[PDB]
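Single chain ahead, by itself, as structure tokens, in the form deposited in one PDB entry.
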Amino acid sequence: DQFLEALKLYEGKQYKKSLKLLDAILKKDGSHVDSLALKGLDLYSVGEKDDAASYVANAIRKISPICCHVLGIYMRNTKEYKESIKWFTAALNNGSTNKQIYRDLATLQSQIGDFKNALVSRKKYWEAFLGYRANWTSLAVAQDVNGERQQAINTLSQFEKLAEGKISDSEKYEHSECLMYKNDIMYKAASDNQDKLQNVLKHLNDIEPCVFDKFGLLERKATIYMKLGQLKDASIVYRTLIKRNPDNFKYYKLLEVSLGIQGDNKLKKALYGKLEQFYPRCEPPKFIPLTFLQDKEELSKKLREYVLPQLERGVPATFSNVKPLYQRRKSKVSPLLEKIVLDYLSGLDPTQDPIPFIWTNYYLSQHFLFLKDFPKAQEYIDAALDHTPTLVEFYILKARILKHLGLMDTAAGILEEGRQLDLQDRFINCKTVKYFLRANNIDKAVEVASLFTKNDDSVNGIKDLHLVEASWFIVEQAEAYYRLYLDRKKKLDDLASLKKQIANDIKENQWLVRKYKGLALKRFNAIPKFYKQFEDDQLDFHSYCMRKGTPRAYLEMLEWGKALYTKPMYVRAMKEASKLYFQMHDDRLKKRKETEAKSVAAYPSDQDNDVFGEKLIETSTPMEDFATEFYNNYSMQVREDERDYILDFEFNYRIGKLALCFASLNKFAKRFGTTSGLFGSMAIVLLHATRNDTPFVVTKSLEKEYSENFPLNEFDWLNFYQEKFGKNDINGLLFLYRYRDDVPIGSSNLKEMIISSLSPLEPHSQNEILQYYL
């Protein structure tokens, strides 16, 4: 009665009005399970989230169908989808006639990957609402994911038959997408079967005038003909796709196979020249030839014919357009283009031909920057700037050269010069913020970055940057705070040595290291939180893409969701953060400036109390934290061919799981090794771990597999490594060095061997190893 009044007001968004009533109920029946659960959801909707969880837990400790439904909504709200499924089921089991639960179930089940049960939910909902097309598509999809391709197709075809001439204009798009999806399912089943592929082709032709995804239709068609062996009748299709988008390199490369001229370059150059006439402004016609030709007089006509009219019009990316040719064919191309533009430059007057002059200088600066001729690079770009000081692009290229030379502060300053010319442009601002972070200048970076952020309730844009998921800024800042951490640690161990006002200083240095170690880890932990949201963001789409009618696209979402914790920025943050977590495990085995907190605040006051990240760095279980916050999710999704075996090796070494360490090492040797210095590095570290004093069986596997690779029965390992794996394997050395405690090998003679191996590296790379890894 009175509880039912309060349930309406939840759907009616009158959350306080609802609570007013529920308090009256619980005043005279504080043990009323129904009221308690609904109170939690009302209090969450506000949301006083700490009271909400307490009211819910109290209700749960006391064990209705409507109560189960309310719990289920709350659990989904708190991302407890597994518990949401328990309570949504309990509503049905305890006599609910609301058939909308089956749709909410299918959503949750799909969300947690349980498609077996999703198929059941899809079916029962479809049986309760055959009227709506979304529920058919929904069902067909669930069958598809459970391998029932033929059952899926049948479901789609049944709706098609029921609505042969019943599709309105507002339904035409959804219809179009469901046709191609049915074609998709058929296509899979056909594999390479000629008869079936002919039927798939048949099907594609009937739907064409009702399918609006022409590009999609045509791409499918071309792949069919190729599978049928009708290569010529596929070439006609690839030529239609090129005419619809003559800037797609992929369509050109496929046509080479379609006409079977892929082999000889004589036939290829004849084609692209003919294409050049049709699409003169497009890239592939003129670029593709360059990849294969060796006939000097023939290609140098074209390279010149390609790169000059770009420099004529003054396109910035000209060099970037040919950087592959450089990268792939350094020997053949780089001493040839050099001359072919340097002599063009020689015929250019700066007053009469300004645009071509300055951009021809821009190319040559990048040219000699690539060849590691740093004075030559600076020379030409200086010439460009002095000529026309109003192009931000010239300051960008210049600042790259100085970063390559290790002059981080100078480089950042050059961008800062360019930034002031154009305060409307965020790209230059970003690149400036990036370079200042690289020179460990965080205050300046934050200041500059804050010029483009909504700072309505913060002193700077840190919060706003977390709100828009700006991983670019957050990963970089994390890494800077890490460098500032290590640098101020060394200055603490140098202050420890000088004991013969220093006590004032070390007290300040001891705050700085805690502050910078904490904020580094704080910032690295913002990334996984983003990607966990990305996973949660799929929730709505389990039902939304069914109504809108985008099943092909929804299936792609699922694959995308299954790869989230393997994407470059998640992996970058993980690996970098491991350095901190690992060392915190190693180390334990062997306020007034709370005013300052305001400027480092990343999350709202309500949610976050630990702003400097003190709890994070002073945890008692660093290895469990790394697993929960980063490693676990990456491990369950990552593919074998992209798996970082060095990381999982180093991970298992600190949780007492050596058997795995062997597996990591073993698998690494199968792809890369077994002559890699890293393979050596890891092996030697694992062997020492087996026996005898070490606090931890694996020896068996060592002698089983790699007896002829190492002198196992056991000496000079550092020498032996220089014999077996070569001295100049820089990375294997570094690996050993960080295990100098648990594996002594003349750590000093290792250190210098590394220092002697640095000579061939670029300035910045030498300095950073010298400063941050040793």
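For every residue, the number given is its place in the sequence shown, counted from 1. Rigid core here is just the name for the largest C-alpha set that superposes within 1.5 Å across the two forms.
What about residue 599, is it left unmodelled in a third or more of the other PDB entries we looked at?
yes, residue 599 frequently unmodelled elsewhere, at least a third of entries.
Note whether residue 180 lacks coordinates in a third or more of the other compared entries that model its flanking residues.
Across the compared entries, residue 180 is modelled every time.
Check the entry and tell me how many residues of the deposited sequence have no coordinates between residue 500 and residue 501: none, 1 to 3, 4 to 9, or 10 or more.
Missing residues, residue 500 to residue 501: 4 to 9.
Please count the deposited residues lying between residue 63 and residue 64 that the model leaves without coordinates, and give the class: none, 1 to 3, 4 to 9, or 10 or more.
Going from residue 63 to residue 64, the model skips 4 to 9 residues of the deposited sequence.
Higher mean Cα B-factor in the deposited model: 234-242 or 106-114?
Higher mean C-alpha B-factor: 234-242.
Averaging only over Cα atoms, indicate whether 374-382 or 543-551 has the higher B-factor in the PDB entry.
Higher mean C-alpha B-factor: 374-382.
Using the entry's values, work out which of 475, 288, 521, 180 has the largest Cα B factor.
Among 475, 288, 521, 180, the highest C-alpha B-factor in the entry belongs to 288.
Out of 596, 127, 353, 625, which residue has the highest Cα temperature factor in the PDB record?
Highest CA B-factor of the listed options: 596.
Would you please rank residue 568 by its C-alpha temperature factor against the other modelled residues of its chain and give the third it falls in: lowest, middle or highest?
Bottom third by C-alpha B-factor.
Please place residue 78 in the lowest, middle or highest third of its chain by C-alpha B factor as given in the entry.
According to the entry, residue 78 has a C-alpha B-factor in the chain's lowest third.
Check where residue 630 lands among this chain's C-alpha B-factors and tell me if it's the lowest, middle or highest third.
CA B-factor rank for residue 630: lowest third.
With respect to C-alpha B-factor, does residue 560 fall in the lowest, middle or highest third of the chain as deposited?
Lowest third - that is where residue 560 ends up once the chain's C-alpha B-factors are sorted.
If you rank every modelled residue in this chain by C-alpha B factor, which third holds residue 485: lowest, middle or highest?
Middle third - that is where residue 485 ends up once the chain's C-alpha B-factors are sorted.
We do not show the form deposited in another entry, though everything after this point is about it.
Any idea which of 237, 484, 669, 204 has its C-alpha shifted 2 Å or more between this form and the one not shown with the rigid core fixed?
That would be 669.
Quick check: residue 116 between this form and the one not shown - does its CA shift reach 2 Å or more after fitting the rigid core?
For residue 116, whose C-alpha is compared between this form and the one not shown after core superposition, the shift is less than 2 Å.
Would you tell me if residue 287 moves between this form and the one not shown by 2 Å or more at its C-alpha, with the rigid core held superposed?
No, residue 287 moves less than 2 Å.
At a 2 Å cut-off on C-alpha positions, does residue 733 qualify as shifted between this form and the one not shown after fitting the rigid core?
Residue 733 C-alpha, core-superposed: shift of 2 Å or more.
Classify the change in Cα distance between residue 408 and residue 570 in the other entry as closer or farther, relative to the shown form (magnitude of 3 Å or more).
Result: farther.
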